[PDB]
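Contents: one structure, followed by commentary.
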Amino acid sequence: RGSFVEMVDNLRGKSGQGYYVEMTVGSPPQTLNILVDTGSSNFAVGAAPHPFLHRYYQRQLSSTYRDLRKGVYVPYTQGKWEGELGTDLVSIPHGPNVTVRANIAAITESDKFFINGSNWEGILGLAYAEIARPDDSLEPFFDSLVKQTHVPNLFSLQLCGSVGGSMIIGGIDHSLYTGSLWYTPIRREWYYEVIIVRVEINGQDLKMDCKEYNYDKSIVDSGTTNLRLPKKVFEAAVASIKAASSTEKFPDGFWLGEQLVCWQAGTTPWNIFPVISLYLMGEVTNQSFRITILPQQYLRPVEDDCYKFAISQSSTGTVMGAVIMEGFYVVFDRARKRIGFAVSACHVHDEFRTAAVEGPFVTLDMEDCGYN
Ligand SMILES: C[C@@]1(c2cc(NC(=O)c3ccc(Cl)cn3)ccc2F)C[C@@H]2C[C@@H]2C(N)=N1
Ligand code: NA
Ligand code: NA
């Protein structure tokens, strides 16, 4: 507990392509790089020679594979994947020294799913069975892990945003954060659902009814780049962000993520851009805490130094993607139905401002903030 030197730095990735961990499937073990995704619940791997893939799961080579004789078609708003379900033995080489029999969707056909030029070949959905496809009877990887081993029911993520970080499976590594962890309840075990109770731009409250902030849910999701905000909250937030930075002018298309903005190298004016704070429901009645991120988190480098504005409007509720998570060490404390936040020891900041996790604050009617 508290120290897992072998799992430190077990995450890799490239800007814009997410964070992946090395996994092995089958016997003899086939090594695959697998996207870490707290926003879905399927363990799904390329199983056929798609041209974007460095490698793929060759079921025929594994003696331990078992067919479930069942398919699954998974559409997303963007693209889709289809696959054949089965189980096989799975390990994480830079994780616990264990091997589990896990469900695997062997992806046979996909569209707008794999990233051309990425170094990952599947996805590890770390959320709950409730959102598993085709249904909640398909046991997610982490459930199998905890059922079959002595690994404690929790994991933590340090996303450092070329990119890298750590996934600590079964515990917490105190070297990965500074100060104290603050916990928010997991409202319901499907996505990692939480409740935002107040939002500030540069310490200035949006003063929206807090139900708007969670319309229709707020989740913590490592498989999404942006901080996504419900439309109505997004509108107020940009309005306030534009004002806080009106010292400079940018095309309206920029704020809508329709064009990049660029500066002469080493001259990105971080200081004109405001901090963004989310107050989250605390563990105690009428107690909250807040997390603060910098323009370093929401202004994403793209490759002048060109940046994309990564706060975007949503119709699926608030998504705390990599923009939020890169600022923090995040503990998915499944055993206690709570999520912990602490300032990440690796987060990008400057000499004037850092990410922050602060509490306690007194916040009333926090239960009214959840959409039903
Ligand atoms: C499974 C899903 C998903 C995530 C990804 N994620 C990424 O490509 C990605 C890119 C950059 C980052 Cl920082 C994280 N993830 C790709 C495909 C995909 F289907 C679908 C919906 C996007 C939601 C999610 N978390 N996972
Ligand atoms: Na166990
Ligand atoms: Na620490």
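In the structure tokens, each chain is lettered A, B, ... as it comes, each chain's residues begin at 1, and ligands are numbered from 1 in order of appearance.
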Produce a table with one row for each residue of region 13-105 of chain A that has an atom at most 12 Å from any atom of region 212-219 of chain A, each row naming the nearest atom pair and its distance in Å at one decimal; use only C-alpha atoms; arrange rows by chain and rising residue number; format as JSON lines.
{"residue": "A:38", "atom": "CA", "partner": "A:219", "partner_atom": "CA", "distance": 9.1}
{"residue": "A:39", "atom": "CA", "partner": "A:219", "partner_atom": "CA", "distance": 7.7}
{"residue": "A:40", "atom": "CA", "partner": "A:219", "partner_atom": "CA", "distance": 10.9}
Using only C-alpha atoms, what table do you get, as a tab-separated table, when you list each residue of region 137-207 of chain A with an atom no more than 12 Å from region 298-304 of chain A, its nearest pair of atoms, and their distance in Å rounded to one decimal, rows by chain then rising number?
residue	atom	partner	partner_atom	distance
A:161	CA	A:300	CA	9.3
A:162	CA	A:301	CA	11.6
A:163	CA	A:301	CA	11.8
Can you spit out the residues from that selection as a compact mmCIF listing (two decimals), in the first residue's frame, using N, CA and C atoms?
# COMPACT_ATOMS: atom_id res chain seq x y z
N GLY A 161 0.60 15.29 -19.26
CA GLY A 161 0.36 15.78 -20.61
C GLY A 161 1.36 16.83 -21.07
N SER A 162 5.72 11.24 -26.35
CA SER A 162 5.64 12.57 -25.74
C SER A 162 4.84 12.62 -24.43
N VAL A 163 3.65 12.02 -24.37
CA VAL A 163 2.95 11.98 -23.08
C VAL A 163 3.13 10.63 -22.38
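Distances from A:187, A:150, A:249, A:231 to ligand 2 were compared using only C-alpha atoms and all ligand atoms, and the smallest one belongs to A:150.
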Protein and nucleic residues near ligand 1, 6 Å, only C-alpha atoms and all ligand atoms, as a PDB file with C-alpha atoms, in the first residue's frame:
ATOM      1  CA  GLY A  16      -4.110  13.820 -28.968  1.00  0.00           C
ATOM      2  CA  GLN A  17      -4.023  10.014 -29.000  1.00  0.00           C
ATOM      3  CA  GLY A  18      -4.616   9.153 -25.331  1.00  0.00           C
ATOM      4  CA  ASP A  37     -10.552   4.280 -20.770  1.00  0.00           C
ATOM      5  CA  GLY A  39     -15.446   6.070 -19.812  1.00  0.00           C
ATOM      6  CA  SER A  40     -16.372   2.628 -21.199  1.00  0.00           C
ATOM      7  CA  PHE A 113     -12.372   3.794 -34.189  1.00  0.00           C
ATOM      8  CA  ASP A 221     -13.352   9.850 -18.479  1.00  0.00           C
ATOM      9  CA  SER A 222      -9.735   9.119 -19.510  1.00  0.00           C
ATOM     10  CA  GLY A 223     -10.829   8.117 -23.034  1.00  0.00           C
ATOM     11  CA  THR A 224     -11.866  11.729 -23.873  1.00  0.00           C
ATOM     12  CA  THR A 225      -9.473  14.629 -24.490  1.00  0.00           C
ATOM     13  CA  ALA A 322      -7.755  14.448 -20.108  1.00  0.00           C
TER      14      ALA A 322
END
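Taking CA of residue 105 (chain A) and CA of residue 85 (chain A) as endpoints, the distance between them is 4.7 Å.
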Sorted per-residue table, chain A near ligand 2, closest atoms and distance, 12 Å, only C-alpha atoms and all ligand atoms, as a tab-separated table:
residue	atom	partner	partner_atom_place_in_ligand_line	distance
A:98	CA	ligand 2	1 (Na)	11.6
A:100	CA	ligand 2	1 (Na)	11.3
A:142	CA	ligand 2	1 (Na)	10.6
A:143	CA	ligand 2	1 (Na)	9.1
A:144	CA	ligand 2	1 (Na)	8.9
A:145	CA	ligand 2	1 (Na)	7.4
A:146	CA	ligand 2	1 (Na)	4.4
A:147	CA	ligand 2	1 (Na)	4.5
A:148	CA	ligand 2	1 (Na)	5.6
A:149	CA	ligand 2	1 (Na)	4.4
A:150	CA	ligand 2	1 (Na)	4.3
A:151	CA	ligand 2	1 (Na)	5.9
A:152	CA	ligand 2	1 (Na)	6.7
A:153	CA	ligand 2	1 (Na)	7.7
A:154	CA	ligand 2	1 (Na)	11.2
A:170	CA	ligand 2	1 (Na)	10.4
A:335	CA	ligand 2	1 (Na)	11.2
* Asked: Using only C-alpha atoms and all ligand atoms, which protein or nucleic acid residues are at most 8 Å from ligand 3, as number ranges by chain?
  -> A: 173-180, 345
What's around region 350-361 of chain A at 6 Å? Count only C-alpha atoms, leave out sequence neighbours fewer than 5 positions away in its own chain, and write the answer as a CSV table (one decimal) with N, CA, C and O atoms, in the first residue's frame.
chain,number,residue,atom,x,y,z
A,287,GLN,N,-20.5,19.6,2.7
A,287,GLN,CA,-19.0,19.9,2.5
A,287,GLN,C,-18.7,19.5,1.0
A,287,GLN,O,-19.1,18.5,0.5
A,288,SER,N,-18.0,20.5,0.4
A,288,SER,CA,-17.4,20.3,-0.9
A,288,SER,C,-15.9,20.6,-1.0
A,288,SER,O,-15.3,20.8,0.1
A,289,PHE,N,-15.3,20.4,-2.1
A,289,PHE,CA,-13.9,20.8,-2.3
A,289,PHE,C,-13.8,21.2,-3.8
A,289,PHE,O,-14.7,21.0,-4.6
A,290,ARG,N,-12.7,21.9,-4.2
A,290,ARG,CA,-12.6,22.3,-5.5
A,290,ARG,C,-11.3,21.9,-6.2
A,290,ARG,O,-10.3,21.9,-5.5
A,291,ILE,N,-11.4,21.7,-7.5
A,291,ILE,CA,-10.2,21.4,-8.3
A,291,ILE,C,-10.0,22.6,-9.3
A,291,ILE,O,-11.0,23.1,-9.9
A,292,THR,N,-8.8,23.0,-9.5
A,292,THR,CA,-8.5,24.1,-10.4
A,292,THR,C,-7.5,23.7,-11.5
A,292,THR,O,-6.4,23.2,-11.1
A,293,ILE,N,-7.8,24.0,-12.7
A,293,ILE,CA,-6.9,23.7,-13.8
A,293,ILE,C,-6.6,25.0,-14.6
A,293,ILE,O,-7.2,26.0,-14.5
A,327,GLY,N,-4.3,17.5,-14.7
A,327,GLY,CA,-3.9,18.3,-13.6
A,327,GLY,C,-3.7,17.5,-12.3
A,327,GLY,O,-3.2,18.1,-11.4
A,342,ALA,N,-6.0,14.8,-6.2
A,342,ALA,CA,-4.9,15.5,-5.6
A,342,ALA,C,-4.1,16.1,-6.7
A,342,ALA,O,-4.1,15.7,-7.8
A,343,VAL,N,-3.3,17.1,-6.3
A,343,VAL,CA,-2.5,17.8,-7.3
A,343,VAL,C,-1.5,16.8,-7.8
A,343,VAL,O,-0.8,16.1,-7.0
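Taking only C-alpha atoms into account, residue 92 (chain A) lies nearest to A:6 out of the set A:6, A:205, A:235, A:283.
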Excluding region 23-30 of chain A and residues on its chain fewer than 3 positions from it, collect all residues at most 8 Å away from it, counting only C-alpha atoms, and give them as a compact mmCIF listing (two decimals) with C-alpha atoms, in the first residue's frame.
# COMPACT_ATOMS: atom_id res chain seq x y z
CA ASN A 33 -0.78 -1.65 -26.25
CA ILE A 34 -4.20 -0.87 -24.87
CA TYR A 57 -4.93 -10.37 -31.33
CA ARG A 59 -6.90 -15.93 -31.40
CA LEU A 61 -2.29 -18.72 -31.64
CA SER A 62 -3.66 -18.91 -28.11
CA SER A 63 -4.30 -22.27 -26.44
CA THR A 64 -6.24 -20.65 -23.61
CA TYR A 65 -8.86 -18.86 -25.74
CA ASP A 88 -8.68 -15.67 -22.52
CA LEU A 89 -5.85 -15.16 -20.03
CA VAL A 90 -4.72 -11.56 -19.53
CA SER A 91 -1.75 -9.96 -17.73
CA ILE A 92 -0.38 -6.47 -17.32
CA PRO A 93 3.43 -6.79 -17.51
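In this model, the gap between CA of residue 311 (chain A) and CA of residue 115 (chain A) comes to 21.4 Å.
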